[PDB]
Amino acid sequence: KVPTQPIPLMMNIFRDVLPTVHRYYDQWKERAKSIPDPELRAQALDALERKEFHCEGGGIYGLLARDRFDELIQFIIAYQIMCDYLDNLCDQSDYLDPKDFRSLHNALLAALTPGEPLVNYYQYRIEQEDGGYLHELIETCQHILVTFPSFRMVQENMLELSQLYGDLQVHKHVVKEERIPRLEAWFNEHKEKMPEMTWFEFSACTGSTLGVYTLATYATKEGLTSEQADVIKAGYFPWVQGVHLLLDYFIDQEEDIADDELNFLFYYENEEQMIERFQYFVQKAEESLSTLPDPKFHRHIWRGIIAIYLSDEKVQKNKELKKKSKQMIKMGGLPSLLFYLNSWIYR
């Protein structure tokens, strides 16, 4: 059974999770260095250099499936590396062609579809020589997932989350003036199925990968039911994924204002409403997580996400953001502890 007490959970993270994450991550770093196209190489290495924490955090789900520990971390790391690589490629495109953004994100859907024939995901952009990097990442996922006893039961739900994540990456990276009309029209198709929320709250709920890793984790269990597959998707989507991205956008506010970049928090009528809605998402997230298997573990992961996000220098060394962050959620001083701990190690 998974560790649910702080000491053994932290001990297993430092002893087993991080060394195993970095064994697989460091191999992708070496592979990325050999990418022929200098722009694809730069974008790959940048994501690997800057977004290590996504794989390190993602790898913690390994603890729920000890008997498939290495395979599950390998899947999560390959999929998460792809997301951060493709985000860079869309972010740094001089061309802003949505066909390119869509074509690239179809790599994530292929990763979740064993035997899906691999295409030129780069077909709508000038840079196409990656020396097999993206293909290698896709096949890694395909060959691992097919070996999980209940992958077939969760596949449809993983594809649902991955398509929504892809649609977001397409709409939010097009030329500035076309973004919000695309996001509102897209939200409009799903708004009936969703709890009552705005286009920009919906946009945040689709932007996380946590549901995919959770569904892949339970795919390792014998005889997982379709009822359980749906419980597990509803555990993280929409509310936990929402809080995750609302936090990402909260921390990044000052640089989004400075670089006139799309920030979903900016479409709230005022900050009072943003704080109220953030607190609602947190309550609905607590309720959705409590429905999962291993509820105490999921509750630990989520509290960890919140504390780690709020421990950012961008929040903790900015008097107004820090004060606003405590209005949003009280974490018994954990964000601040992680900041000063971090500040102390790196000096």
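For every residue, the number given is its place in the sequence shown, counted from 1.
Student: Which wins on mean Cα temperature factor, 158-166 or 221-229?
Tutor: Per the deposited B-factors, the answer is 221-229.
Student: Comparing average C-alpha B factors as deposited, tell me which of 177-185 and 99-107 sits higher.
Tutor: It is 177-185 that shows the higher mean C-alpha B-factor.
Student: Can you tell me which of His54, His298, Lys322, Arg41 has the highest Cα temperature factor in the record?
Tutor: Each of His54, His298, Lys322, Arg41 was compared by C-alpha B-factor; the highest is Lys322.
Student: Tell me which of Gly131, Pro238, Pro114, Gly207 tops the list for C-alpha B factor in the record.
Tutor: Among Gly131, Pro238, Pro114, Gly207, the PDB entry lists the largest C-alpha B-factor for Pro114.
Student: Would you mind checking where the Cα B-factor of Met11 ranks among the modelled residues of its chain, as the lowest, middle or highest third?
Tutor: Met11: CA B-factor falls in the lowest third of its chain.
Student: What third of the chain, by the recorded C-alpha B-factor, contains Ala65?
Tutor: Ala65: CA B-factor falls in the middle third of its chain.
Student: So where's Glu201 on the chain's Cα temperature factor ranking, which third?
Tutor: It falls in the bottom third of the chain.
Student: Rank-wise, by C-alpha B-factor, drop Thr214 into the lowest, middle or highest third of its chain.
Tutor: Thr214: CA B-factor falls in the lowest third of its chain.
Student: Sort the modelled residues of this chain by their C-alpha B factor and say whether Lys191 lands in the lowest, middle or highest third.
Tutor: Answer is highest: the recorded C-alpha B-factor places it there.
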